[PDB]
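A.B. asks: To start, I am sharing the structure in question, which I have written as structure tokens.
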Amino acid sequence: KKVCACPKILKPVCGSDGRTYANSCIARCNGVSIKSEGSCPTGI
């Protein structure tokens with residue numbers, strides 16, 4: 001039953017597939033990368 005507790009702050013990135021997404025965290029949650037895995041809000 002887990003959920004992606006991503007930030008509210010807008011981050012409209014260019015993606016990796018060539019597509020626009022709401023925030024970078026949302027793309028990672030959905031199943032797409034941005035080559036930015038070294039700097040993300042994910043911190044369990």
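So basically every Cβ, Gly included, is an ideal-geometry build from the backbone, and we count neighbours across all protein chains shown. Values in this text are rule-based calculations from the coordinates and carry no lab data.
A.B. asks: For the chain, build the charge dipole from Cβ charges (+1 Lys, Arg; -1 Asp, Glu) around the Cα centre, then report which of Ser36, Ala22, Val3 sits farthest towards its positive end.
C.D. replies: Result: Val3, furthest along the dipole toward the positive end.
A.B. asks: Out of the chain, which trypsin sites (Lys or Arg not before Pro) are coil in DSSP terms and have no more than 14 other C-beta atoms within 10 Å? Mind showing how you got there, number by number?
C.D. replies: Values: sites: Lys1, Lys2, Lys8, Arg19, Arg28, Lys35; in loops: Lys1, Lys2, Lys8, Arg19, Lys35.
In loop regions of the chain (DSSP not H, G, I, E or B), the sparsely surrounded trypsin sites (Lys or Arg not before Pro) are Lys1, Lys2, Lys8, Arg19, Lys35.
A.B. asks: Let me see the pair-distance distribution of the chain: every alpha carbon pair, 5 Å bin width, integer percents in order.
C.D. replies: 5, 22, 37, 23, 10, 3, 0
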